[PDB]
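Take a look at the letters that make up each chain.
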Amino acid sequence: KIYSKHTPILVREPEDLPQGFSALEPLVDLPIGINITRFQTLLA
Amino acid sequence: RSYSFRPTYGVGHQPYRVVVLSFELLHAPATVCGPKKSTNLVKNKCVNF
Amino acid sequence: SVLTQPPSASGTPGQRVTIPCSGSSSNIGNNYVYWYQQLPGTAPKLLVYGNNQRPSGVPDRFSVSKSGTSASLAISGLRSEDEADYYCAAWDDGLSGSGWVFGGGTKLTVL
Amino acid sequence: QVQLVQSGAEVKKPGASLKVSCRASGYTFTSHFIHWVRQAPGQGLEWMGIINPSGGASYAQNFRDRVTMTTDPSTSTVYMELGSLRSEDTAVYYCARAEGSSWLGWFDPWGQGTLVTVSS
């Protein structure tokens with residue numbers, strides 16, 4: 001399950017994480033059935 | 001070894017096309033299912049459709 | 001000689017002529033039926049093919065129908081020149097060999 | 001003219017062989033399959049052999065291992081050799097043709113037919 005929230009709105013300096021709240025709609029479900037314990041991110 | 005497919009050979013020697021609709025032994029979540037039926041709509045009645 | 005065909009046909013004058021062609025489901029039920037008219041001493045000629053399309057220039061006096069695993073040819077208003085030979089052609093599968101086995105031959109007599 | 005010409009069977013002697021030449025005219029040889037038809041007196045039609053315009057061939061189940069039959073795409077002619085004659089040869093033979101796709105096809109060309117008679 002991939003509970004996703006793509007928010008194209010912020011106007012503020014980066015600093016630390018902001019103060020706020022918002023839910024996360026469910027978008028992506030895969031019945032892949034495999035077991036994963038290890039992962040990496042795709043750095044450029 | 002090779003084949004021998006000629007019109008001389010009768011029934012039982014012509015090639016037969018075979019497809020096997022096997023499945024996993026119900027271990028992973030179900031991802032394929034058959035067709036589902038349908039029923040007309042009834043408004044304001046003690047019906048369980 | 002698996003196929004069975006009448007040796008001859010008889011009937012009173014002024015009656016419609018009906019010829020039944022019955023076989024199996026492999027050659028008629030599962031395959032198209034070819035209807036040939038053969039003249040005495042002449043090679044057979046294809047007249048009816050596919051039961052849906054007909055060659056141009058053929059009058060519609062003859063009629064053909066298919067029911068179940070059999071077919072019937074109906075001719076209305078028999079004339080003296082209708083005495084000829086008629087052949088059923090279909091693809092059959094035999095134990096010895098599978099192919100296009102035709103009929104034996106039907107002979108008509110007019111008194 | 002569009003015609004398939006085949007020479008009739010002549011008289012012969014025991015221990016000899018009969019050669020029949022079938023030639024197609026009026027159309028290209030590599031356009032229609034070549035088919036054999038047999039008709040006995042007072043009997044329907046029987047078929048023996050198949051020769052493709054360019055490819056293999058199908059022999060006769062009953063007349064196998066003793067009939068020479070091949071193809072030659074040079075003169076648009078084919079030759080059939082018969083040996084070990086028998087009284088069963090008394091019939092009329094059609095060296096006919098069919099459509100270019102076999103199975104569901106029209107038998108547009110017909111042959112005159114060769115009368116073969118073997119007797120003692």
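See the structure above.
Cut-offs used in this document
Residues numbered from 1 in each chain as written, not as in the entry; some residues may be left out. Chains lettered and ligands numbered in written order. Part of a larger assembly, values for the part shown. Heavy atoms only, no water. Residues with missing side-chain atoms left out of burial classes, pairs and counts. Pairing = 2+ DSSP bridges. Helix = DSSP H or I, 4+ residues; strand = E, 2+ residues; numbered from the N terminus. Axes fitted to C-alpha atoms, helices over the stretch in contact; angles between N-to-C directions. Contact = heavy atoms within 4.5 Å. Buried area = accessible area lost by both parts, 1.4 Å probe. Salt bridge = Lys/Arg side-chain N within 4 Å of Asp/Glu carboxyl O. Polar contact = N/O pair within 3.5 Å; in protein donor to acceptor, adjacent residues only side chain to side chain. Nonpolar A, V, L, I, M, F, W, Y, C, P; charged D, E, K, R; others polar. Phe/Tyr/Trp six-rings, centres within 6.5 Å; stacked < 30°, edge-to-face > 60°. Buried < 20%, exposed > 50% of the residue type's maximum accessible area, 1.4 Å probe, protein only.

Visitor: Sorry if this is basic, but what is going on with the sheet that holds strand β3 (residues 45–49) of chain C here?
Guide: Residue and element names in this part refer to chain C. Taking strand neighbours across the sheet as the criterion, the four strands line up as β3-β2-β6-β7 in an open arrangement whose pairing is antiparallel. The open sheet is flanked by β3 and β7 (99–102), the only strands paired with a single partner. Pairs of neighbouring strands in the sheet enclose a mean axial angle of 30°, with direction left out of account.

Visitor: Explain the sheet that holds strand β2 (residues 17–25) of chain D here, please?
Guide: Picture the strands of a sheet paired through backbone hydrogen bonds; they go either parallel or antiparallel. Residue and element names in this part refer to chain D. Taking strand neighbours across the sheet as the criterion, the four strands line up as β1-β2-β7-β6 in an open arrangement whose pairing is antiparallel. Where the open sheet ends on each side, the last strands, each with one partner, are β1 (3–6) and β6 (67–69). Sheet twist, expressed as the average angle between the axes of neighbouring strands with direction ignored, equals 15°. Pairing analysis gives three bridges linking β6 to strand β7 (residues 77–83), with the strands arranged antiparallel. Of the residues in β7, the one forming a bridge with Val-67 is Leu-82.

Visitor: Explain the interface of chain C and chain D here, please?
Guide: A common way to express how large an interface is: the accessible area buried when the components associate. Each partner contributes to the interface: chain C provides 15 residues, whereas chain D provides twelve residues. Between chain C and chain D the total buried area reaches about 1200 Å² when both faces are included, carbon and sulfur atoms providing 65% of it. Of all residues in chain C, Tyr34(C), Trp100(C) and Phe102(C) bury the most surface against chain D, accounting for 39% of the area lost on that side. Linking chain C with chain D are zero salt bridges. Remark: the boundary between chain C and chain D carries two residue pairs in polar contact. Residue composition of the side of chain C that touches chain D, grouped by class: eight nonpolar, six polar and one charged.

Visitor: Looking at this structure, how should I read the packing of aromatic side chains?
Guide: Each aromatic ring pair is summarised here by two numbers: the centre-to-centre distance and the angle between the ring planes. Taken as a whole and assessed by the stated rule, the structure comprises four aromatic pairs over all chains. An angle of 40° between the planes, with centres 5.1 Å apart, marks the rings of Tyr3(B) and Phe5(B) as tilted. According to the relative accessible area criterion, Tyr3(B) is exposed, its value standing at 69%. Ring centres 6.0 Å apart and planes at 0° place the aromatic pair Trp35(C) and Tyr86(C) in the stacked group. With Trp35(C) in strand β2 (residues 34–38) and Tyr86(C) in strand β6 (residues 85–92), this pair connects stretches of sequence that are 51 residues apart. As far as the burial class goes, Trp35(C) and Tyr86(C) line up, both buried. Taken together, the aromatic side chains of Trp91(C), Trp100(C) and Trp47(D) make up a single cluster linked through ring pairs.

Visitor: Looking at this structure, how should I read the arrangement of the chains?
Guide: Of all four pairs of chains sharing an interface, the pair with the highest contact count is chains C and D. At the level of C-alpha atoms, the two units chain A and chain C stay apart, their nearest approach being 44 Å. Separated without contact, chain A and chain D have their nearest C-alpha atoms at a distance of 48 Å.

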